[PDB]
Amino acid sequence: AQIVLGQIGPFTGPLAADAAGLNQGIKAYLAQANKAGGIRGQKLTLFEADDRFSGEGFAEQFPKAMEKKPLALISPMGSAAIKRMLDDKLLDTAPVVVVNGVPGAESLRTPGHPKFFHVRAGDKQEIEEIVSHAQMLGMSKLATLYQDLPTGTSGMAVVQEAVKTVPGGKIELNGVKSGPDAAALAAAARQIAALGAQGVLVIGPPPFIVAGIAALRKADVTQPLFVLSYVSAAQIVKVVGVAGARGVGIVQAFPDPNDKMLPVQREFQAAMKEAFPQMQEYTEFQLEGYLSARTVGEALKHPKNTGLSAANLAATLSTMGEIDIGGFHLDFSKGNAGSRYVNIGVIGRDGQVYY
């Protein structure tokens, strides 16, 4: 017998590279887990299904995935997909747990679903942290560039609430909505350039963040730009160079995938060398996939756990209390959001992220 896990992800379309990154991290953990004898006498296996970055694609793949009797679906990715999962109430009678979701939009997390567990900190806490940070940089005027998508609008509403309740005092906030196309972004960037803002938040799916940064730099917005946990510094440098990337702050939901400070960083890196030896550098999505899968592994191996069903897994996640995964802590005792870790990195003049 085997322990089946599933990943439904946007493997084709504009998030293909990031979905591949999550998948790499998940496989890296599973291989490490299997080398260590799997769990309770059983090997871990992963099946994959492509939702094509659409709600329709997710709706189509979900029952096909459920036919394989997975214990867990690991880190679905895509606003439309997760929204469809919640709107269609797919989880209400499905014997499965969903571990992690990207993005951590407040609208997907609240109310969320009792079978839907979150490993990354939410967009709301990341945005509150960004607004606090902006104040410590002496900023009194902030602009936000956001994609015209439900989760983007959710982000924008969160920014508005964060700014009106930051304890340092009044910040003037302007929010500029944009379509995802190059022409729309150039126009949005020109508007932002005219505002005299001291910093700019960019909110949206990963390709929108990269495109938005490039558009802002091209519009001569040289001010600090801030982004949430959805892009790597490498992706930013690829497009705008070290010149354009320096000064971008990235809010991280996990320890840096390329630093070696914590046991979990070293274990992740060891798992990646084994599974993908050609890889010279890692991303946050690889680490997210690794930690999402490892959360399932640690719950199933936990002394409290008594079996290998979805019900066992859910029972254990909610009752095991705080666990320490090599320095990264998770606790689902108080609710389904397991992490409050948020750490802002800034891309330095040398192209490296500093914390």
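Numbers for residues come from their place in the sequence shown, where the first is 1.
Relative to one another, 244 to 252 and 177 to 185 have unequal mean CA B-factors, and 177 to 185 is the one with the higher figure. The question of which stretch, 290 to 298 or 57 to 65, has the higher mean Cα B factor is settled in favour of 57 to 65. Highest C-alpha temperature factor among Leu5, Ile8, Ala1, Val353 per the entry: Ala1. Of the candidates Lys124, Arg217, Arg120, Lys164, the deposited coordinates give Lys164 the top C-alpha B factor. Per the PDB record, residue ranking by Cα B-factor puts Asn312 in the middle third of the chain. Ranked by Cα temperature factor within the chain, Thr319 sits in the middle third according to the deposited record.
When the CA B factors of the chain's modelled residues are split into thirds, the value for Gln278 lands in the highest one. In the PDB entry, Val98 places in the lowest third of its chain by CA B-factor.
Ranked by Cα temperature factor within the chain, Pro150 sits in the highest third according to the deposited record.
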